[PDB]
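Form deposited in one PDB entry, single chain, as structure tokens, below.
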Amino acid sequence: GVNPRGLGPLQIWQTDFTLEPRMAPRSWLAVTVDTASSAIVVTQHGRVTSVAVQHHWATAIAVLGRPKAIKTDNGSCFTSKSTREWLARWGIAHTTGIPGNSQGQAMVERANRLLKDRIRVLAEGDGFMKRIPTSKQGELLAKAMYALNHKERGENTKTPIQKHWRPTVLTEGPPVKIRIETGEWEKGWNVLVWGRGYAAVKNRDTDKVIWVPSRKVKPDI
């Protein structure tokens, strides 16, 4: 249940590498998403390396501030003594899951899709149904980052950038009931975040926070 999802900005980040053929020859995009505000940072790289990753996070930090922890996968660029020491110097905790849709890399997985679609739209919009000219990649990538952060993601009233600097973080949370394994509804929990997919619930007696499927929680009354 300790899913990598922060309750507020700068608590938990998810970083990843995604290939975008449209941006070749340097088609590697390093992507990071603040699991709480959902804002994202992307940089272009010609190769998946520890050096690239370090350069990438330094950029994200410059943009979003210093996070408390970053979740990634077992990739060598993340587990290298070099990066491990880099994180340590920045005082940023690190956790590695596994390359996939495993609880700990899903949010950044979706961020890749979003980023990729935005790119395809700006690419075809400029007539580049194929590879984007090398000299127009930077700007186009920035245009994408801009759109994704400085413009609500539809269902949301507020934009990511809005959620990042001026977040809403409840101090207590209304009481709820969660459907325990037995399929029975249990009292004693309060919800702090209730998304379409997942809800964050804290235990009233242990102050433990866990994320559960939104349909396993209902108002307590």
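In this text, residue numbers run from 1 along the sequence as written. Definition used throughout: the rigid core is the maximal C-alpha set that superposes within 1.5 Å between two forms.
Of the two stretches examined, 50 to 58 and 151 to 159, the record assigns the greater average C-alpha temperature factor to 151 to 159.
Of the two stretches examined, 87 to 95 and 116 to 124, the record assigns the greater average C-alpha temperature factor to 116 to 124. You'll see in the entry that, of 18, 206, 11, 15, the Cα B factor peaks at 206. By the numbers in the PDB entry, the CA B factor is greatest at 183 among 65, 167, 183, 175. Compared with the other modelled residues of the chain, the Cα B-factor recorded for residue 71 ranks in the lowest third. When the modelled residues of the chain are ordered by their C-alpha B factor, residue 45 lands in the lowest third. Sorting the modelled residues of the chain by their CA temperature factor places residue 129 in the highest third. Annotation for residue 144: CA B-factor lies in the middle third of the chain's modelled residues.
In the deposited entry, the Cα temperature factor of residue 108 sits in the bottom third of values across the chain's modelled residues.
Not pictured, yet referred to below: the form deposited in another entry.
Rigid core superposed between this form and the one not shown, residues 125, 100, 138, 133 considered: the one with a C-alpha shift of 2 Å or more is 100. Taking 2 Å as the criterion, residue 57 does not count as shifted between this form and the one not shown: its C-alpha moves by less than this amount when the rigid core is aligned. Relative to the superposed core, residue 185 shifts its CA atom by 2 Å or more between this form and the one not shown.
Taking the rigid core as fixed, one finds a CA shift for residue 165 smaller than 2 Å between this form and the one not shown. In that other deposited form, the CA atoms of residue 102 and residue 93 draw together by 3 angstroms or more relative to this form.
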